[PDB]
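Student: This is the structure I have questions about; it appears just below.
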Amino acid sequence: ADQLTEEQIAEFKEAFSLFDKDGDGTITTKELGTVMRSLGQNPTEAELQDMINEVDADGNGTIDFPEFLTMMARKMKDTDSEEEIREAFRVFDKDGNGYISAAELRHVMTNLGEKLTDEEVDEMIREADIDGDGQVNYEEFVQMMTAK
């Protein structure tokens with residue numbers, strides 16, 4: 001469910017290596033807000049200094065990838081991002097039936113303000129047999145926008 005998918009673990013791994021110039025698989029605290037900003041997250045300085053005070057328990061002023069996975073899990077656990085897209089698709093379920101027209105679905109994804117490109121959705125529409133019927137549920141399209 002709210003468990004980190006193998007992809008989400010890789011996405012954070014690429015952003016974590018961008019600042020791993022020590023080939024030690026670790027990064028400094030000064031580059032913590034920079035890695036989070038790479039994923040599009042903007043925590044305030046106090047929010048960062050608060051987690052650092054707890055992680056800076058070793059006194060190494062550094063962070064390794066496993067502990068980094070514990071930081072994203074604290075943000076995205078009981079409040080996965082999936083609850084944000086599903087609640088939006090809800091705004092689009094005017095019939096409380098759990099189904100909307102592919103248009104209202106592609107629209108749910110664009111009005112949200114996601115950095116989605118019309119080409120990426122066209123790929124998500126190919127495996128989401130959006131034909132054969134005429135209307136499609138979003139639970140399948142929600143997991144796709146998060147991470148295949």
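Every chain in the structure tokens has a letter given in the order shown (A, B, ...), and although residue numbers restart at 1 in each chain, ligands are simply numbered from 1 in the order shown.
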Chain A: which residues are alpha helix (DSSP H) by DSSP, as a count of residues only?

Tutor: 79

Student: Per residue of stretch 35-86 of chain A within 12 Å of stretch 92-111 of chain A, note the shortest atom pair and the distance in Å to one decimal, counting only C-alpha atoms, and order the rows by chain and increasing residue number, as CSV.

Tutor:
```
residue,atom,partner,partner_atom,distance
A:84,CA,A:109,CA,11.2
A:85,CA,A:109,CA,8.0
A:86,CA,A:92,CA,9.6
```

Student: Kindly save the residues from that selection, with N, CA, C and O atoms included, as a PDB file, in the first residue's frame.

Tutor:
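Final file, part.pdb:
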```
ATOM      1  N   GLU A  84      -3.697  12.117  -2.730  1.00  0.00           N
ATOM      2  CA  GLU A  84      -3.904  13.466  -3.326  1.00  0.00           C
ATOM      3  C   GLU A  84      -4.505  13.323  -4.723  1.00  0.00           C
ATOM      4  O   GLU A  84      -5.413  14.039  -5.101  1.00  0.00           O
ATOM      5  N   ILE A  85      -4.007  12.400  -5.489  1.00  0.00           N
ATOM      6  CA  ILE A  85      -4.546  12.199  -6.866  1.00  0.00           C
ATOM      7  C   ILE A  85      -5.920  11.526  -6.777  1.00  0.00           C
ATOM      8  O   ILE A  85      -6.838  11.880  -7.491  1.00  0.00           O
ATOM      9  N   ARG A  86      -6.074  10.557  -5.917  1.00  0.00           N
ATOM     10  CA  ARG A  86      -7.391   9.874  -5.807  1.00  0.00           C
ATOM     11  C   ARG A  86      -8.441  10.881  -5.341  1.00  0.00           C
ATOM     12  O   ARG A  86      -9.556  10.897  -5.826  1.00  0.00           O
TER      13      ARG A  86
END
```

Student: Return the single residue from A:136, A:145, A:63, A:76 that is closest to residue A:26, with distances computed using only C-alpha atoms.

Tutor: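 Checking each candidate against residue A:26, we get A:63 as the closest.
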
Student: Could you tell me how far atom CA of residue A:91 sits from atom CA of residue A:141, in Å to one decimal place?

Tutor: 15.2 Å

Student: For the strand (DSSP E) assignment from backbone DSSP, which residues of stretch 12-64 of chain A qualify? Please present them as a ChimeraX atom specification.

Tutor: /A:26-28,62-64

Student: Kindly give the distance, in Å, that separates atom CA of residue A:39 and atom CA of residue A:80, rounded to a single decimal.

Tutor: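 One can read the atom CA of residue A:39 to atom CA of residue A:80 distance as 15.1 Å.
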
Student: Which residue gives the smallest distance to residue A:112 among A:126, A:88, A:10, A:148, with only C-alpha atoms counted?

Tutor: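 Comparing A:126, A:88, A:10, A:148 against residue A:112, the winner is A:88.
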
Student: Out of A:55, A:144, A:12, A:36, which residue has the shortest atom-to-atom distance to residue A:127 when counting only C-alpha atoms?

Tutor: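 The shortest atom-to-atom distance to residue A:127 comes from A:144.
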
Student: At what distance in Å, to one decimal, does atom CA of residue A:1 lie from atom CA of residue A:47?

Tutor: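 It comes out at 26.4 Å.
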
Student: Pick the closest to residue A:32 from A:64, A:7, A:119, A:81: which is it, counting only C-alpha atoms?

Tutor: A:64

Student: Mind checking which residues fall within 12 Å of residue A:25, counting only C-alpha atoms, ignoring those fewer than 6 positions away in the same chain, and posting them as a list in words?

Tutor: residues 13, 14, 15, 16, 17, 18, 19, 62, 63, 64, 65, 66, 67 and 68 of chain A

Student: Deliver the residues from the most recent selection as a file, using N, CA and C atoms, as a tab-separated table (two decimals), in the first residue's frame.

Tutor:
```
chain	number	residue	atom	x	y	z
A	13	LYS	N	17.32	7.34	-5.23
A	13	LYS	CA	18.74	6.93	-5.35
A	13	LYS	C	19.44	7.81	-6.39
A	14	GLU	N	18.79	8.11	-7.49
A	14	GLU	CA	19.44	8.98	-8.51
A	14	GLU	C	19.68	10.36	-7.91
A	15	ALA	N	18.69	10.89	-7.24
A	15	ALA	CA	18.84	12.24	-6.63
A	15	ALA	C	19.88	12.18	-5.51
A	16	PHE	N	20.01	11.06	-4.86
A	16	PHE	CA	21.00	10.94	-3.75
A	16	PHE	C	22.42	10.87	-4.31
A	17	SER	N	22.59	10.23	-5.44
A	17	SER	CA	23.96	10.12	-6.03
A	17	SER	C	24.40	11.47	-6.60
A	18	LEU	N	23.48	12.25	-7.11
A	18	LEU	CA	23.86	13.56	-7.70
A	18	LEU	C	24.77	14.34	-6.74
A	19	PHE	N	24.67	14.08	-5.45
A	19	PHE	CA	25.50	14.83	-4.46
A	19	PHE	C	26.40	13.87	-3.67
A	62	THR	N	26.35	14.07	8.54
A	62	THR	CA	26.17	13.45	7.19
A	62	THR	C	24.93	12.55	7.18
A	63	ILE	N	24.52	12.10	6.02
A	63	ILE	CA	23.31	11.22	5.92
A	63	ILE	C	23.58	10.12	4.89
A	64	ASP	N	23.22	8.91	5.19
A	64	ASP	CA	23.43	7.78	4.22
A	64	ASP	C	22.10	7.50	3.49
A	65	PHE	N	22.11	6.75	2.42
A	65	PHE	CA	20.84	6.50	1.66
A	65	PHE	C	19.75	5.78	2.50
A	66	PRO	N	20.08	4.76	3.28
A	66	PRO	CA	19.03	4.10	4.08
A	66	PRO	C	18.31	5.15	4.94
A	67	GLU	N	19.05	5.93	5.69
A	67	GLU	CA	18.40	6.97	6.53
A	67	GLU	C	17.65	7.94	5.61
A	68	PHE	N	18.13	8.14	4.41
A	68	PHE	CA	17.42	9.06	3.48
A	68	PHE	C	16.07	8.43	3.15
```
